[PDB]
Amino acid sequence: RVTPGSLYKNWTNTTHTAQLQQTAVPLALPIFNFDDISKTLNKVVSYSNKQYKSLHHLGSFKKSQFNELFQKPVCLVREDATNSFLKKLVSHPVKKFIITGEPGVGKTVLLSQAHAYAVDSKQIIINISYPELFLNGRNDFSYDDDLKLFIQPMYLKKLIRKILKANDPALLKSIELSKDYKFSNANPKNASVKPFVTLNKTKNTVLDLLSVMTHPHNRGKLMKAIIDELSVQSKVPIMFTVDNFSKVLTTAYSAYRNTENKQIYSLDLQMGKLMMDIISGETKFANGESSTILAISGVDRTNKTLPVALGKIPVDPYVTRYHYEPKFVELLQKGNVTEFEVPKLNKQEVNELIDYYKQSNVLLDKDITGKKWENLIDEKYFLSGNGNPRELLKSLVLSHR
Amino acid sequence: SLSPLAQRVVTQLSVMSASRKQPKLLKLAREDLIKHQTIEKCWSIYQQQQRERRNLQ
Amino acid sequence: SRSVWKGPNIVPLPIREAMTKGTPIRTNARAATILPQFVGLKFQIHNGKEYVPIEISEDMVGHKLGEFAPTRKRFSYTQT
Amino acid sequence: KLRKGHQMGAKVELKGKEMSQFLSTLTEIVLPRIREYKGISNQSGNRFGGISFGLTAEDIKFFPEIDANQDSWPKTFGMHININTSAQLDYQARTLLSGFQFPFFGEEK
Amino acid sequence: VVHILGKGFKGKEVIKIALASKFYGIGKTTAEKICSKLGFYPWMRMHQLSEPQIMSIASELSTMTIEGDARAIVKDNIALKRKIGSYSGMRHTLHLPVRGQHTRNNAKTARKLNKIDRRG
Amino acid sequence: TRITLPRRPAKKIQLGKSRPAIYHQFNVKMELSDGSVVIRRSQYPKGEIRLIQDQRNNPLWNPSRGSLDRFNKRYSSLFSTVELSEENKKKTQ
RNA sequence: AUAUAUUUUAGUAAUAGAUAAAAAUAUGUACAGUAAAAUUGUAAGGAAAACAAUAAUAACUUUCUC
RNA sequence: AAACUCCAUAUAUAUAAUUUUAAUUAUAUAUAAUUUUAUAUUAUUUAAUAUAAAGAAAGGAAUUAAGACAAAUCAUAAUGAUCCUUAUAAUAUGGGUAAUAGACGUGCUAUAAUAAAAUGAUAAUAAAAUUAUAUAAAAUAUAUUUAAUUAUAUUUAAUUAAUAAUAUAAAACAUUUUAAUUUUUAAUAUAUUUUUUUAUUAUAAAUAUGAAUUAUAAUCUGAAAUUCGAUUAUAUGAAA
Ligand SMILES: Nc1nc2c(ncn2[C@@H]2O[C@H](COP(=O)(O)OP(=O)(O)O)[C@@H](O)[C@H]2O)c(=O)[nH]1
Ligand SMILES: [Mg+2]
Ligand SMILES: [Mg+2]
Ligand SMILES: [Mg+2]
Ligand SMILES: [Mg+2]
Ligand SMILES: [Mg+2]
Ligand SMILES: [Mg+2]
Ligand SMILES: [Mg+2]
Ligand SMILES: [Mg+2]
Ligand SMILES: [Mg+2]
Ligand SMILES: [Mg+2]
Ligand SMILES: [Mg+2]
Ligand SMILES: [Mg+2]
Ligand SMILES: [Mg+2]
Ligand SMILES: [Mg+2]
Ligand SMILES: [Mg+2]
Ligand SMILES: [Mg+2]
Ligand SMILES: [Mg+2]
Ligand SMILES: [Mg+2]
């Protein structure tokens with residue numbers, strides 16, 4: 001008893017998935033570029049078209065945000081938060097960050113800005129938004145024999161596709177291969193005539209490698225090969241990113257069960273192990289400017305692990321595996337992860353946001369009409385808990401109290 | 001038409017029945033037929049002899 | 001004692017004399033666990049009112065004696 | 001609740017080698033798997049060389065054709081087993097059956 | 001559609017849960033163990049199963065104690081209880097509650113299905 | 001009321017053409033309780049069977065040659081005769 | 001081992017014996033056979049369900065054999 | 001009757017070497033209201049409405065008279081009369097008070113998506129009360145390959161208490177999941193909705209509700225758990 005047009009989903013899903021961004025005002029806002037941050041240092045800025053294209057493919061813009069409020073997802077540049085982070089990324093020798101903060105402070109937005117910057121500066125981006133998919137057991141998996149770990153060839157395929165599409169092909173096909181690669185063929189065409197696909201050293205490309213389509217049991221092998229290729233190449237920078245890394249840290253054991261009925265460890269998987277290797281000084285990328293940018297989510301569980309990894313708490317040895325996994329900490333220490341605290345909004349920034357919302361026509365009538373502007377701003381600041389952006393946004397729009 | 005129990009009964013009945021389970025008739029050549037007769041007759045004689053031996057004993 | 005450790009529930013009885021010569025054992029215990037040492041001995045287990053004759057089962061070995069002497073009468077209704 | 005001319009069970013007269021096999025199976029496989037069976041009664045039989053007994057539905061599940069698959073036979077039916085000897089009298093027939101490993105328990109006539 | 005060991009299954013039915021629902025011998029833990037042995041990802045659906053995969057569950061199911069024999073053991077247990085002049089056996093025969101309950105009022109479920117031939 | 005399988009027209013077996021029912025039978029080896037094997041013709045498809053409870057391990061067939069079990073199993077550490085002597089005072093009866 | 005094509009099988013159903021006192025075609029003809037009761041038994045089975053058994057071989061023919 | 005009374009409230013004073021700390025408290029002693037004042041608007045100096053300025057100022061408990069109902073209690077206890085005194089008095093062992101056709105109250109749990117379940121350790125936020133016929137912390141072991149959870153066992157740290165323990169309150173709020181529901185899944189492509197979209201293929205009246213009833217195994221208390229107790233596990237999964 002359902003039509004195509006009617007809304008059948010729950011609220012959060014509906015807001016994400018039903019395009020109510022359709023009925024919205026076009027806004028001629030400035031464009032996000034790191035080279036011209038001096039112009040737009042503390043102003044709202046729409047992303048470039050290319051950036052948007054890349055960012056959507058990656059999975060930067062998320063469901064629980066209020067990206068439905070505008071024509072397209074929008075951020076502002078911040079001197080204390082985003083700009084400073086970008087400068088650190090540019091300058092630091094290690095280039096290896098974990099974006100920490102309170103729930104709703106704007107970690108994913110920071111990640112999206114970092115991605116956009118990377119796109120602008122001719123870099124490949126391997127984004128893993130929501131590791132919950134590979135960590136929790138809701139897709140097929142298999143123990144590979146060559147690689148001593150469990151591969152996940154539904155998730156992997158999706159990740160490969162994202163990598164292919166998020167990045168431009170000219171930058172991606174500038175990379176020649178280091179080794180030759182045999183794979184099982186899995187096209188509808190030429191299945192009889194082509195059971196095996198071969199990529200040569202100099203002739204073939206990384207783009208071509210990505211476009212390969214194998215059976216599930218070779219997909220993990222393909223992924224491994226791709227990562228190796230990207231590590232070897234020194235022509236283009238590789239930005240690796242993992243958002244909701246908190247889940248990964250806490251969920252040490254996956255929901256998958258091996259032959260004997262017991263839970264599989266995250267480092268015994270392909271994806272989680274690979275990710276950990278990337279984080280640590282192990283799969284070292286040949287080029288400079290090649291970063292790993294991790295991001296915590298307030299959604300996920302909190303425990304002693306991440307604080308212990310960083311310069312926060314001394315290592316209590318007696319706390320349990322559930323609330324403190326030491327292997328993960330050790331791995332984090334190995335690859336010198338310098339954490340980045342996202343600061344809460346200043347008064348001026350809050351005011352600027354409120355002004356933008358007014359321009360876009362999100363503010364309620366009781367806020368605008370018959371009220372001093374400065375007083376309203378102060379109230380908004382108070383209700384957000386002194387500049388939590390999400391909380392502020394909620395007070396503005398989702399209050400109706 | 002029929003229940004699962006009825007079906008299973010029919011199957012059981014079939015197991016016992018000669019319907020479409022039995023081969024062709026054992027036809028022989030005349031020489032073969034004679035050979036068979038000589039085999040059977042000799043055997044019967046042997047059996048009789050054995051019976052007499054046991055009976056005599 | 002129900003729990004496997006510390007089991008079974010043992011009671012003093014005139015067992016050996018019954019074993020020697022078939023003299024039924026009039027139990028008023030009802031909570032003594034039956035043992036393998038008395039299968040094929042005649043017991044006369046109390047029912048509240050009247051002692052109940054039972055030749056202890058080979059399968060009864062796990063159970064209590066009172067489980068085989070049903071105390072209440074089988075219920076009925078006078079359809080008036 | 002019995003009508004006239006209604007199909008109700010079945011019979012089978014075994015003779016020679018099949019009969020012998022059936023007896024051997026009874027002696028070895030089936031009648032030992034009956035738990036508390038003393039024997040065929042000594043008061044059982046015809047006046048002249050015929051002895052009989054019967055198996056419950058519980059007892060038929062020990063036959064190897066039945067025994068091999070419990071699943072194929074949900075239901076199972078008891079049976080009477082009339083053994084006919086070439087004996088002049090019944091004690092002779094009983095003795096003969098004993099020779100073929102049939103146990104006999106009751107007080108003889 | 002997807003048949004396995006005689007029991008029919010609708011598609012999109014999570015395998016372990018479906019197994020628990022249908023097969024008498026198994027609950028939650030047993031179904032999970034079976035899935036682990038065979039190597040299905042948890043929350044895999046019944047429609048996703050290939051023909052070789054289905055057979056191994058049937059092969060697994062067959063290996064495990066199931067259904068009529070498992071029911072028989074419980075029916076056998078109650079038959080055993082009945083045989084020996086036991087209180088529990090007596091309760092089973094008379095269709096009253098067995099587990100030391102009250103029956104002045106509310107003993108309707110027991111009356112309905114405390115038989116010697118229990119299950120159905 | 002009466003559950004039946006309703007008969008079709010019967011197939012006419014002509015006089016002389018009636019053939020004896022030779023059922024399909026396999027030669028089946030029965031190993032009894034002890035290692036004595038015996039061949040028997042059988043309709044079920046199983047070349048070998050080994051039996052647990054036979055005449056060759058039943059006391060009735062060879063006189064010259066599980067609640068209790070459960071109890072023994074779960075009161076095994078105690079080892080339960082001496083025990084009888086200990087727990088058998090014949091004063092009270 | 002697997003794919004397609006062309007076939008073949010599976011519609012699973014009783015009598016297997018000139019059937020012989022369960023029931024069913026009640027008139028022709030041909031061939032063949034014998035019932036019942038009572039008694040002794042046998043799983044539920046009991047006075048009363050089904051199945052088994054219950055008169056005599058002198059002489060004759062054929063077969064094997066001392 | 002009201003009032004004095006108690007609890008709770010507001011204020012003041014006292015005391016507490018601010019390690020028995022919670023001073024944001026506890027407890028003795030006061031004071032405080034059955035609130036006051038003024039402007040108007042209706043009805044006759046007052047009384048209800050409204051407005052204003054002054055205040056922390058707004059509840060609950062106990063107390064339920066006379067008579068009546070020959071209301072309830074001789075089973076809290078006591079006493080009158082009357083009856084029993086080897087029994088209607090006294091002690092032990094077991095059984096019963098838990099029986100089950102129908103019926104009648106009180107409750108509890110349910111019949112799923114404005115509602116159920118997993119999870120949430122710099123442990124979100126309470127109060128009141130108990131612990132020398134005790135309260136039992138941490139930690140080890142088993143159920144259970146990680147560990148946590150829950151349940152037992154092992155063994156008693158601390159305190160007989162503003163000091164330690166019972167005891168990290170729970171809803172809340174947040175992520176995840178949820179059949180009925182082809183209102184979803186997974187194979188392909190697809191892309192500026194990517195924890196997602198579109199296309200084409202295949203996915204065909206009690207559940208992944210409920211927890212009655214029963215089977216087996218363990219554990220707890222006790223000397224003892226059969227009639228007849230309480231947990232945990234693996235199955236069972238009515239009715240609704
Ligand atoms: N920094 C920043 N954040 C914003 C802006 N606009 C909205 N946000 C909010 O940033 C939030 C993302 O915070 P995040 O740290 O991902 O929350 P978490 O997932 O709970 O950790 C969203 O909820 C947005 O509402 C902006 O212009 N800048
Ligand atoms: Mg986040
Ligand atoms: Mg089930
Ligand atoms: Mg008063
Ligand atoms: Mg203090
Ligand atoms: Mg009064
Ligand atoms: Mg009165
Ligand atoms: Mg009265
Ligand atoms: Mg009195
Ligand atoms: Mg008295
Ligand atoms: Mg007493
Ligand atoms: Mg009572
Ligand atoms: Mg009441
Ligand atoms: Mg519900
Ligand atoms: Mg503890
Ligand atoms: Mg305390
Ligand atoms: Mg909490
Ligand atoms: Mg129903
Ligand atoms: Mg349930």
# chains A, B, ... in the order shown; residues from 1 in each chain; ligands from 1
$ residues_around --residues "range 7-21 of chain G" --least-positions-apart "2" --cutoff "10 Å" --atoms "only C-alpha atoms (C1' of nucleotides)" --output "PDB file with N, CA, C and O atoms (P, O5', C5', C4', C3', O3' and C1' of nucleotides), in the first residue's frame"
ATOM      1  N   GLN B   7      -0.183 -39.829  -0.780  1.00  0.00           N
ATOM      2  CA  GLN B   7       0.969 -39.984  -1.666  1.00  0.00           C
ATOM      3  C   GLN B   7       1.925 -41.044  -1.143  1.00  0.00           C
ATOM      4  O   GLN B   7       2.299 -41.952  -1.880  1.00  0.00           O
ATOM      5  N   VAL B   9       1.374 -43.459   0.974  1.00  0.00           N
ATOM      6  CA  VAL B   9       0.697 -44.764   0.879  1.00  0.00           C
ATOM      7  C   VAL B   9       0.801 -45.349  -0.531  1.00  0.00           C
ATOM      8  O   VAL B   9       1.071 -46.538  -0.699  1.00  0.00           O
ATOM      9  N   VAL B  10       0.558 -44.501  -1.528  1.00  0.00           N
ATOM     10  CA  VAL B  10       0.676 -44.878  -2.944  1.00  0.00           C
ATOM     11  C   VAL B  10       2.093 -45.358  -3.271  1.00  0.00           C
ATOM     12  O   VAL B  10       2.263 -46.358  -3.975  1.00  0.00           O
ATOM     13  N   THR B  11       3.092 -44.638  -2.760  1.00  0.00           N
ATOM     14  CA  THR B  11       4.508 -44.996  -2.953  1.00  0.00           C
ATOM     15  C   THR B  11       4.797 -46.371  -2.364  1.00  0.00           C
ATOM     16  O   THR B  11       5.428 -47.209  -3.002  1.00  0.00           O
ATOM     17  N   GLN B  12       4.324 -46.569  -1.136  1.00  0.00           N
ATOM     18  CA  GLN B  12       4.437 -47.843  -0.419  1.00  0.00           C
ATOM     19  C   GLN B  12       3.808 -48.989  -1.204  1.00  0.00           C
ATOM     20  O   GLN B  12       4.393 -50.058  -1.342  1.00  0.00           O
ATOM     21  N   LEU B  13       2.604 -48.742  -1.710  1.00  0.00           N
ATOM     22  CA  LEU B  13       1.881 -49.701  -2.553  1.00  0.00           C
ATOM     23  C   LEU B  13       2.693 -50.081  -3.792  1.00  0.00           C
ATOM     24  O   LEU B  13       2.788 -51.258  -4.151  1.00  0.00           O
ATOM     25  N   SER B  14       3.268 -49.061  -4.427  1.00  0.00           N
ATOM     26  CA  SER B  14       4.105 -49.224  -5.618  1.00  0.00           C
ATOM     27  C   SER B  14       5.306 -50.130  -5.367  1.00  0.00           C
ATOM     28  O   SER B  14       5.597 -51.007  -6.182  1.00  0.00           O
ATOM     29  N   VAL B  15       5.971 -49.928  -4.229  1.00  0.00           N
ATOM     30  CA  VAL B  15       7.100 -50.779  -3.797  1.00  0.00           C
ATOM     31  C   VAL B  15       6.758 -52.271  -3.901  1.00  0.00           C
ATOM     32  O   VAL B  15       7.563 -53.067  -4.389  1.00  0.00           O
ATOM     33  N   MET B  16       5.556 -52.627  -3.450  1.00  0.00           N
ATOM     34  CA  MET B  16       5.059 -54.007  -3.500  1.00  0.00           C
ATOM     35  C   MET B  16       4.572 -54.427  -4.887  1.00  0.00           C
ATOM     36  O   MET B  16       4.680 -55.599  -5.248  1.00  0.00           O
ATOM     37  N   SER B  17       4.004 -53.488  -5.641  1.00  0.00           N
ATOM     38  CA  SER B  17       3.379 -53.796  -6.931  1.00  0.00           C
ATOM     39  C   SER B  17       4.372 -54.110  -8.048  1.00  0.00           C
ATOM     40  O   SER B  17       5.495 -53.605  -8.054  1.00  0.00           O
ATOM     41  N   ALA B  18       3.912 -54.911  -9.008  1.00  0.00           N
ATOM     42  CA  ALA B  18       4.673 -55.250 -10.215  1.00  0.00           C
ATOM     43  C   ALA B  18       4.508 -54.236 -11.356  1.00  0.00           C
ATOM     44  O   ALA B  18       5.019 -54.470 -12.456  1.00  0.00           O
ATOM     45  N   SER B  19       3.799 -53.131 -11.110  1.00  0.00           N
ATOM     46  CA  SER B  19       3.561 -52.109 -12.132  1.00  0.00           C
ATOM     47  C   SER B  19       4.868 -51.455 -12.580  1.00  0.00           C
ATOM     48  O   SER B  19       5.569 -50.853 -11.769  1.00  0.00           O
ATOM     49  N   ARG B  20       5.182 -51.618 -13.867  1.00  0.00           N
ATOM     50  CA  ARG B  20       6.362 -51.039 -14.540  1.00  0.00           C
ATOM     51  C   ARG B  20       7.723 -51.189 -13.824  1.00  0.00           C
ATOM     52  O   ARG B  20       8.611 -50.347 -13.984  1.00  0.00           O
TER      53      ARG B  20
ATOM     54  N   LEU F   5      -8.295 -45.308  -0.392  1.00  0.00           N
ATOM     55  CA  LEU F   5      -7.725 -45.028  -1.706  1.00  0.00           C
ATOM     56  C   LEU F   5      -8.646 -45.702  -2.731  1.00  0.00           C
ATOM     57  O   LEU F   5      -8.691 -46.933  -2.794  1.00  0.00           O
ATOM     58  N   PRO F   6      -9.397 -44.906  -3.525  1.00  0.00           N
ATOM     59  CA  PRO F   6     -10.412 -45.483  -4.414  1.00  0.00           C
ATOM     60  C   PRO F   6      -9.807 -46.184  -5.630  1.00  0.00           C
ATOM     61  O   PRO F   6      -8.993 -45.592  -6.337  1.00  0.00           O
ATOM     62  N   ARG F   7     -10.227 -47.423  -5.873  1.00  0.00           N
ATOM     63  CA  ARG F   7      -9.595 -48.280  -6.880  1.00  0.00           C
ATOM     64  C   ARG F   7      -9.881 -47.853  -8.320  1.00  0.00           C
ATOM     65  O   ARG F   7     -11.002 -47.463  -8.656  1.00  0.00           O
ATOM     66  N   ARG F   8      -8.845 -47.938  -9.153  1.00  0.00           N
ATOM     67  CA  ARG F   8      -8.966 -47.788 -10.604  1.00  0.00           C
ATOM     68  C   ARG F   8      -9.372 -49.133 -11.206  1.00  0.00           C
ATOM     69  O   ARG F   8      -9.393 -50.143 -10.492  1.00  0.00           O
ATOM     70  N   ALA F  10      -8.880 -52.592 -12.652  1.00  0.00           N
ATOM     71  CA  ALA F  10      -7.782 -53.545 -12.492  1.00  0.00           C
ATOM     72  C   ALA F  10      -7.244 -54.003 -13.844  1.00  0.00           C
ATOM     73  O   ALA F  10      -7.995 -54.132 -14.812  1.00  0.00           O
ATOM     74  N   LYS F  11      -5.939 -54.250 -13.891  1.00  0.00           N
ATOM     75  CA  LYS F  11      -5.258 -54.665 -15.117  1.00  0.00           C
ATOM     76  C   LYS F  11      -5.376 -56.182 -15.256  1.00  0.00           C
ATOM     77  O   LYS F  11      -5.042 -56.916 -14.325  1.00  0.00           O
ATOM     78  N   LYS F  12      -5.850 -56.647 -16.410  1.00  0.00           N
ATOM     79  CA  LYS F  12      -6.126 -58.071 -16.621  1.00  0.00           C
ATOM     80  C   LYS F  12      -4.837 -58.870 -16.825  1.00  0.00           C
ATOM     81  O   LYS F  12      -4.221 -58.794 -17.892  1.00  0.00           O
ATOM     82  N   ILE F  13      -4.429 -59.624 -15.800  1.00  0.00           N
ATOM     83  CA  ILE F  13      -3.366 -60.617 -15.960  1.00  0.00           C
ATOM     84  C   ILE F  13      -3.977 -61.849 -16.626  1.00  0.00           C
ATOM     85  O   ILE F  13      -4.859 -62.494 -16.058  1.00  0.00           O
ATOM     86  N   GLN F  14      -3.494 -62.163 -17.828  1.00  0.00           N
ATOM     87  CA  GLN F  14      -4.003 -63.287 -18.615  1.00  0.00           C
ATOM     88  C   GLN F  14      -3.480 -64.594 -18.028  1.00  0.00           C
ATOM     89  O   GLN F  14      -2.425 -64.613 -17.387  1.00  0.00           O
ATOM     90  N   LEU F  15      -4.221 -65.678 -18.247  1.00  0.00           N
ATOM     91  CA  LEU F  15      -3.855 -66.991 -17.709  1.00  0.00           C
ATOM     92  C   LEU F  15      -2.623 -67.536 -18.425  1.00  0.00           C
ATOM     93  O   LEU F  15      -2.607 -67.625 -19.656  1.00  0.00           O
ATOM     94  N   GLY F  16      -1.601 -67.887 -17.646  1.00  0.00           N
ATOM     95  CA  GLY F  16      -0.295 -68.278 -18.180  1.00  0.00           C
ATOM     96  C   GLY F  16       0.729 -67.154 -18.140  1.00  0.00           C
ATOM     97  O   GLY F  16       1.920 -67.416 -17.964  1.00  0.00           O
ATOM     98  N   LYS F  17       0.271 -65.909 -18.292  1.00  0.00           N
ATOM     99  CA  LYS F  17       1.149 -64.733 -18.334  1.00  0.00           C
ATOM    100  C   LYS F  17       1.493 -64.159 -16.956  1.00  0.00           C
ATOM    101  O   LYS F  17       2.314 -63.243 -16.867  1.00  0.00           O
ATOM    102  N   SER F  18       0.865 -64.673 -15.896  1.00  0.00           N
ATOM    103  CA  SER F  18       1.165 -64.241 -14.528  1.00  0.00           C
ATOM    104  C   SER F  18       2.610 -64.573 -14.166  1.00  0.00           C
ATOM    105  O   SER F  18       3.046 -65.715 -14.329  1.00  0.00           O
ATOM    106  N   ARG F  19       3.336 -63.568 -13.679  1.00  0.00           N
ATOM    107  CA  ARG F  19       4.758 -63.687 -13.357  1.00  0.00           C
ATOM    108  C   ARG F  19       4.979 -63.534 -11.852  1.00  0.00           C
ATOM    109  O   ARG F  19       4.315 -62.712 -11.222  1.00  0.00           O
ATOM    110  N   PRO F  20       5.924 -64.307 -11.278  1.00  0.00           N
ATOM    111  CA  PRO F  20       6.115 -64.281  -9.832  1.00  0.00           C
ATOM    112  C   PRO F  20       6.849 -63.022  -9.382  1.00  0.00           C
ATOM    113  O   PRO F  20       7.751 -62.550 -10.080  1.00  0.00           O
ATOM    114  N   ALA F  21       6.458 -62.492  -8.225  1.00  0.00           N
ATOM    115  CA  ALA F  21       7.034 -61.253  -7.705  1.00  0.00           C
ATOM    116  C   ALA F  21       8.437 -61.485  -7.150  1.00  0.00           C
ATOM    117  O   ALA F  21       8.601 -61.854  -5.984  1.00  0.00           O
TER     118      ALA F  21
ATOM    119  P     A G   5      18.512 -25.054 -24.520  1.00  0.00           P
ATOM    120  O5'   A G   5      18.739 -26.174 -25.632  1.00  0.00           O
ATOM    121  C5'   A G   5      18.733 -25.833 -27.031  1.00  0.00           C
ATOM    122  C4'   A G   5      19.108 -27.023 -27.886  1.00  0.00           C
ATOM    123  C3'   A G   5      18.119 -28.183 -27.907  1.00  0.00           C
ATOM    124  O3'   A G   5      17.028 -27.917 -28.785  1.00  0.00           O
ATOM    125  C1'   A G   5      20.325 -29.017 -27.676  1.00  0.00           C
ATOM    126  P     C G  31     -15.241 -78.924 -20.325  1.00  0.00           P
ATOM    127  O5'   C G  31     -14.132 -78.437 -19.291  1.00  0.00           O
ATOM    128  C5'   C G  31     -12.766 -78.239 -19.700  1.00  0.00           C
ATOM    129  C4'   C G  31     -11.990 -77.481 -18.648  1.00  0.00           C
ATOM    130  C3'   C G  31     -12.046 -78.032 -17.233  1.00  0.00           C
ATOM    131  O3'   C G  31     -11.176 -79.144 -17.048  1.00  0.00           O
ATOM    132  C1'   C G  31     -12.368 -75.695 -17.171  1.00  0.00           C
ATOM    133  P     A G  32     -11.531 -80.273 -15.967  1.00  0.00           P
ATOM    134  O5'   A G  32     -11.358 -79.508 -14.580  1.00  0.00           O
ATOM    135  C5'   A G  32     -10.045 -79.245 -14.053  1.00  0.00           C
ATOM    136  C4'   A G  32     -10.105 -78.252 -12.916  1.00  0.00           C
ATOM    137  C3'   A G  32     -10.658 -78.762 -11.591  1.00  0.00           C
ATOM    138  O3'   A G  32      -9.687 -79.519 -10.873  1.00  0.00           O
ATOM    139  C1'   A G  32     -11.574 -76.635 -12.070  1.00  0.00           C
ATOM    140  P     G G  33     -10.141 -80.598  -9.772  1.00  0.00           P
ATOM    141  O5'   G G  33     -10.634 -79.695  -8.557  1.00  0.00           O
ATOM    142  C5'   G G  33      -9.695 -78.980  -7.733  1.00  0.00           C
ATOM    143  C4'   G G  33     -10.419 -78.059  -6.780  1.00  0.00           C
ATOM    144  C3'   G G  33     -11.207 -78.738  -5.670  1.00  0.00           C
ATOM    145  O3'   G G  33     -10.305 -79.102  -4.623  1.00  0.00           O
ATOM    146  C1'   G G  33     -12.538 -77.054  -6.682  1.00  0.00           C
ATOM    147  P     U G  34     -10.854 -79.652  -3.221  1.00  0.00           P
ATOM    148  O5'   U G  34     -11.672 -78.405  -2.665  1.00  0.00           O
ATOM    149  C5'   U G  34     -11.686 -78.005  -1.280  1.00  0.00           C
ATOM    150  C4'   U G  34     -13.103 -77.664  -0.889  1.00  0.00           C
ATOM    151  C3'   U G  34     -13.801 -78.743  -0.069  1.00  0.00           C
ATOM    152  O3'   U G  34     -13.613 -78.708   1.356  1.00  0.00           O
ATOM    153  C1'   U G  34     -15.235 -77.823  -1.777  1.00  0.00           C
ATOM    154  P     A G  35     -13.436 -77.323   2.173  1.00  0.00           P
ATOM    155  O5'   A G  35     -14.563 -76.380   1.555  1.00  0.00           O
ATOM    156  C5'   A G  35     -14.817 -75.066   2.091  1.00  0.00           C
ATOM    157  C4'   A G  35     -16.291 -74.728   2.024  1.00  0.00           C
ATOM    158  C3'   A G  35     -16.945 -74.360   3.351  1.00  0.00           C
ATOM    159  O3'   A G  35     -16.712 -72.999   3.701  1.00  0.00           O
ATOM    160  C1'   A G  35     -18.266 -75.978   2.273  1.00  0.00           C
ATOM    161  P     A G  36     -16.099 -72.637   5.136  1.00  0.00           P
ATOM    162  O5'   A G  36     -17.241 -73.108   6.140  1.00  0.00           O
ATOM    163  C5'   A G  36     -18.507 -72.427   6.171  1.00  0.00           C
ATOM    164  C4'   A G  36     -19.514 -73.206   6.984  1.00  0.00           C
ATOM    165  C3'   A G  36     -19.226 -73.347   8.473  1.00  0.00           C
ATOM    166  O3'   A G  36     -19.588 -72.159   9.171  1.00  0.00           O
ATOM    167  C1'   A G  36     -19.922 -75.432   7.592  1.00  0.00           C
TER     168        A G  36
END
$ residues_near_ligand --ligand "ligand 14" --cutoff "9 Å" --atoms "only C-alpha atoms (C1' of nucleotides) and all ligand atoms" --output "list in words"
residues 111, 112, 113, 115, 116, 117, 209 and 210 of chain H
$ atom_distance --atom1 "CA of residue 85 in chain F" --atom2 "CA of residue 44 in chain C"
21.3 Å
$ residues_near_ligand --ligand "ligand 10" --cutoff "8 Å" --atoms "only C-alpha atoms (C1' of nucleotides) and all ligand atoms" --output "PDB file with N, CA, C and O atoms (P, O5', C5', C4', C3', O3' and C1' of nucleotides), in the first residue's frame"
ATOM      1  P     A H  87     -10.017 -40.763  77.844  1.00  0.00           P
ATOM      2  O5'   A H  87     -10.096 -39.170  77.845  1.00  0.00           O
ATOM      3  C5'   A H  87     -11.276 -38.458  77.426  1.00  0.00           C
ATOM      4  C4'   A H  87     -10.920 -37.083  76.907  1.00  0.00           C
ATOM      5  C3'   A H  87     -10.263 -37.028  75.525  1.00  0.00           C
ATOM      6  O3'   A H  87     -10.820 -35.919  74.823  1.00  0.00           O
ATOM      7  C1'   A H  87      -8.901 -35.913  77.081  1.00  0.00           C
ATOM      8  P     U H  88     -10.802 -35.854  73.219  1.00  0.00           P
ATOM      9  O5'   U H  88     -10.028 -34.487  72.945  1.00  0.00           O
ATOM     10  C5'   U H  88     -10.423 -33.556  71.913  1.00  0.00           C
ATOM     11  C4'   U H  88     -10.300 -32.123  72.394  1.00  0.00           C
ATOM     12  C3'   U H  88      -9.671 -31.902  73.769  1.00  0.00           C
ATOM     13  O3'   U H  88      -8.981 -30.655  73.830  1.00  0.00           O
ATOM     14  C1'   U H  88     -11.879 -31.092  73.793  1.00  0.00           C
ATOM     15  P     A H  89      -7.493 -30.505  73.248  1.00  0.00           P
ATOM     16  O5'   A H  89      -6.605 -30.325  74.558  1.00  0.00           O
ATOM     17  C5'   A H  89      -6.751 -29.170  75.408  1.00  0.00           C
ATOM     18  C4'   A H  89      -5.815 -29.258  76.592  1.00  0.00           C
ATOM     19  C3'   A H  89      -4.359 -29.586  76.269  1.00  0.00           C
ATOM     20  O3'   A H  89      -3.599 -28.421  75.963  1.00  0.00           O
ATOM     21  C1'   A H  89      -5.138 -31.087  77.908  1.00  0.00           C
TER      22        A H  89
END
